[PDB]
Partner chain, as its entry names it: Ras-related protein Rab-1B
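Shown below, as structure tokens, is a lone chain in the form deposited without its partner chain; questions about how it binds or moves come after it.
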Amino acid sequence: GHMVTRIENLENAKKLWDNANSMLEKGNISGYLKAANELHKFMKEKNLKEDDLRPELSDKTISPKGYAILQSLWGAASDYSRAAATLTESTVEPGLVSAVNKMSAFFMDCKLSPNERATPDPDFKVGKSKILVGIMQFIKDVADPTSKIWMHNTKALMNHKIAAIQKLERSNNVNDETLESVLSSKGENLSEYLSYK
């Protein structure tokens, strides 16, 4: 019955968590995010909460590295979500980015009780520009091909911003001002609207 079905869903949910944790532990940002999304979608679909899984993960561990990447993801996502809420538009992109924050916190909260504290390694830093590209890559890969941010195709505008951040990296001109310029843009100065194409 539905209780046995729930046990079986939690076994699969534990597998999905472990996949996310293993991506995390390798420092793969977009792919952690792919796996976090899959976990979170499954749990939502099966009416399962963090509290339902947490007793099943007593034999699992998020490492200090893991927590460090998680806190880095949170801070970059936080800033991006806020910086993307502009007078041009403030629904689509902030929502996409805020959802990244939610799915990643969900993954964390499945293991850690939210009443109790992350233990990040204060020396493990992932570069903010790499985190931001990872977020954009996740968004681009999961977006519907017809989805738009303002007048621009969402995938194409992600590719545009990813390129912008990589150009800043190559020229060693990454700072919070140059980054904000990319995060807050809706391609208002481009020569035409970006298409799915």
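Numbering follows the first chain given and starts at 1.
Here the subject shifts to the form deposited with its partner chain bound, a form of this protein not shown in this document.
Heavy atoms of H40 reach within 4.5 Å of its partner chain in the entry with it bound, making it an interface residue.
Among heavy atoms of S63, none comes within 4.5 Å of its partner chain in the entry with it bound. Although the partner is absent here, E188 is not a contact residue: none of its heavy atoms lies within 4.5 angstroms of its partner chain in the entry with it bound. Although the partner is absent here, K49 is not a contact residue: none of its heavy atoms lies within 4.5 angstroms of its partner chain in the entry with it bound. Within 4.5 angstroms of its partner chain in the entry with it bound, the stretch 107-121 places a non-hydrogen atom from each of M108, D109, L112, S113, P114, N115, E116, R117, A118, taken in sequence order.
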